[PDB]
Amino acid sequence: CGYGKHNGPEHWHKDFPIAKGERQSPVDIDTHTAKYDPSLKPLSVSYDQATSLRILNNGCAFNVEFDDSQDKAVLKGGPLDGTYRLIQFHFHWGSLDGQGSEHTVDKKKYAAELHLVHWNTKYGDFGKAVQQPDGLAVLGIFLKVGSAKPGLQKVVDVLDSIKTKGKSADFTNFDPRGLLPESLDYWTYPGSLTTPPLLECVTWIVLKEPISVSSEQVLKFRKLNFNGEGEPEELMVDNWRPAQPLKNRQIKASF
Ligand SMILES: [Zn+2]
């Protein structure tokens, strides 16, 4: 995941030619071209039994990891067929409050974007699922800066213990329901992972309503480091891929 001046997103296609593929993410969501789809079934976010395990700085972002060895936290419904298990969430964010999201809405960039990553249980494990066109479902939630998000603060306050690449910390009993907005109204389209290997295995479900976080919460994201301990400091900021061509896809609205 290079995001620097010399290995950023514009360079990824040399190692990962699918970077110029037909169903790459993120995309700009043009709210006046998306169409309401009455065939969509209700979206079901079932996180009551979620079991968080750990938080890891992987040099790209930080991942909050879940126990996915049973259907404890699943996403169903919407555009999805079957059951998708929560494996981790992470964020992308900017150096400045006016940038950081991956998806855009009518070209608007948000300060950050939350990705709750789920895999289709029919494929047995995550690594098999990413090889399938319907392998993953990613729930995307925009972050704007305004009032503090109480449900995010436990995350913010462990970041000091995972400052550098390769550090992890115990992160049990975190409830990801605290990161959801009130409304589950969404846009959906077929896409890809937004970091290498950029595999075209994702059904994207992007919520229309952003959550608000405070300036102080996002400033703590920006104190993380892309580098490992003992290396020259490179602040973990602007870890987002810009919008990719929509090509032969239709974005559908649930509302
Ligand atoms: Zn992501």
Side-chain angles (χ1 to χ4, degrees), residues 3 25-32 34 43 45 47 50 52 55 57 60-64 66 73 75 78 86 88-118 138-163 171 173-189 194-195 204-226 235-243 251 253-255:
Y3 291 106
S25 290
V27 298
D28 181 56
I29 301 163
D30 195 65
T31 65
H32 321 92
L43 190 65
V45 180
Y47 287 170
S52 68
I55 190 174
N57 180 335
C60 304
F62 63 86
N63 289 355
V64 174
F66 291 77
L75 184 63
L86 180 67
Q88 54 94 163
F89 67 78
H90 64 271
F91 306 77
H92 308 268
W93 63 91
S95 55
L96 300 158
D97 296 348
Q99 66 202 58
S101 67
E102 297 209 308
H103 294 91
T104 52
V105 178
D106 297 330
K107 304 285 174 92
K108 174 188 177 64
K109 293 171 167 110
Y110 289 87
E113 184 176 329
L114 168 58
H115 289 162
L116 294 123
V117 180
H118 315 72
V138 183
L139 183 62
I141 303 176
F142 296 119
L143 280 64
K144 68 174 192 191
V145 167
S147 63
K149 188 77 165 171
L152 181 62
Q153 193 60 30
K154 283 201 168 141
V155 174
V156 163
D157 283 325
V158 73
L159 296 183
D160 58 324
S161 72
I162 65 151
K163 180 183 184 171
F171 204 67
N173 303 287
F174 182 80
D175 181 1
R177 293 178 293 185
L179 302 174
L180 304 179
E182 170 193 338
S183 185
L184 295 186
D185 286 355
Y186 66 87
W187 297 286
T188 184
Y189 76 98
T194 70
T195 49
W204 280 95
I205 299 166
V206 178
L207 297 192
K208 170 171 185 76
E209 188 175 8
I211 58 169
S212 75
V213 303
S214 66
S215 196
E216 299 82 355
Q217 290 181 315
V218 196
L219 293 164
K220 283 177 193 187
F221 287 16
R222 301 183 183 130
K223 294 183 28 187
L224 291 164
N225 286 186
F226 284 127
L235 298 176
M236 185 177 280
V237 295
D238 290 318
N239 67 164
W240 53 276
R241 187 187 195 196
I251 307 187
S254 81
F255 61 94

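Hydrogens, waters and symmetry mates are skipped; everything else that's a heavy atom, side chains included, is used. Quick note: residue numbers are just sequence positions, from 1.
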Task: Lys208 vs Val105, side chain to side chain contact (heavy atoms under 4.5 Å, CB included): CA-CA, chis, key distance, verdict - done: CA-CA 9 Å; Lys208 170 171 185 76; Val105 178; 5.6 Å; no
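- Remark: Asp175 pairs with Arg177 by the salt bridge (charged side-chain N to carboxylate O under 4.0 Å, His left out) rule, at least two apart or across chains.
- The side-chain heavy atoms of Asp106 and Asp30, taken from C-beta on, include a pair separated by under 4.5 Å.
- Minimum heavy-atom separation, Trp240 to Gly100: CB-O, 3.4 Å.
- Nearest approach of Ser25 to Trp204, heavy atoms of both residues: OG-NE1, 3.1 Å.
- Listed here is the closest heavy atom pair of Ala112 and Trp93: CB-CB, 3.8 Å.
- Residues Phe221 and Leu219 form no side-chain contact, since every pair of their non-hydrogen atoms from C-beta on lies 4.5 Å or further apart.
- Residue pairs meeting the side chain to side chain donor-acceptor pair (under 3.5 Å) criterion with at least one member in residues 149-160, sequence neighbours excluded: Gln153-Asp157, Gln153-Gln217.
- With hydrogens and angles ignored, the 3.5 Å screen pairs a side-chain donor or acceptor of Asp238 with a backbone N or O of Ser95.
- Contact between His92 and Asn239 at its shortest, heavy atoms only, is ND1-O, 2.7 Å.
- Under the 4.5 Å side-chain criterion, counting only non-hydrogen atoms from C-beta, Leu43 is in contact with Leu75.
- Here the side chains of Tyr189 and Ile29 are not in contact, with every heavy-atom distance at 4.5 Å or above.
- In this structure, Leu159 and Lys223 have side chains that are not in contact, with every pair of non-hydrogen atoms separated by 4.5 Å or more.
- Using a 3.5 Å distance cut-off with no hydrogens or angles, the side chains of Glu102 and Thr194 do pair a donor with an acceptor.
- Side chain of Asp28 to main chain of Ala243: no donor-acceptor pair is present (N/O by atom type, distance under 3.5 Å, no hydrogens or angles).
- Around CG of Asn173, the count of heavy atoms belonging to other residues, nucleotides or ligands within 6.0 Å does not exceed 12.
- Proximity of a side-chain donor or acceptor of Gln88 to a complementary backbone N or O of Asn63 within less than 3.5 Å is not detected.
- No side-chain heavy atom of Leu235 sits less than 4.5 Å from a side-chain heavy atom of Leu224.
- The closest side-chain heavy-atom distance from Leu179 to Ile141 is not below 4.5 Å.
- Nearest heavy atom pair, residue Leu143 against residue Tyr110, reads O-CB, 3.4 Å.
- Atom OG of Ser161 and atom CD1 of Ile55 lie 7.0 Å apart (nearest 0.5 Å).
- Between the side chain of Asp97 and the main chain of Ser215, no donor-acceptor pair closer than 3.5 Å is present.
- The two residues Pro210 and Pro181 come nearest to each other via the heavy atoms O-CB, 4.2 Å.
- The backbone N or O of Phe142 lies less than 3.5 Å from no partner atom in the side chain of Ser101, so there is not a single donor-acceptor pair.
- Here the OG1 atom belonging to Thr31 is positioned 10.0 Å from the CD1 atom belonging to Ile251, to the nearest 0.5 angstrom.
- The distance from atom OG of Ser52 to atom CZ of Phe89, rounded to the nearest 0.5 Å, is 8.0 Å.
- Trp187 has its ring centre no less than 6.0 Å from the ring centre of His103.
- The aromatic rings of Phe226 and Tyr3 lie parallel to each other, their planes meeting at an angle below 30°, with 60° marking the opposite boundary.
- Atom CE in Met236 sits 13.0 Å away from atom CZ in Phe91 (nearest 0.5 Å).
- Taking CZ of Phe171 as the reference point, atom CD1 of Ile162 lies at 9.0 Å (rounded to 0.5 Å).
- Atom NZ in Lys108 sits 8.5 Å away from atom NZ in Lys144 (nearest 0.5 Å).
- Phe255 and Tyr186 have their aromatic ring centers separated by at least 6.0 angstrom.
- Distance alone, capped at 3.5 Å, is enough to place a donor-acceptor pair between the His118 side chain and the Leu116 backbone.
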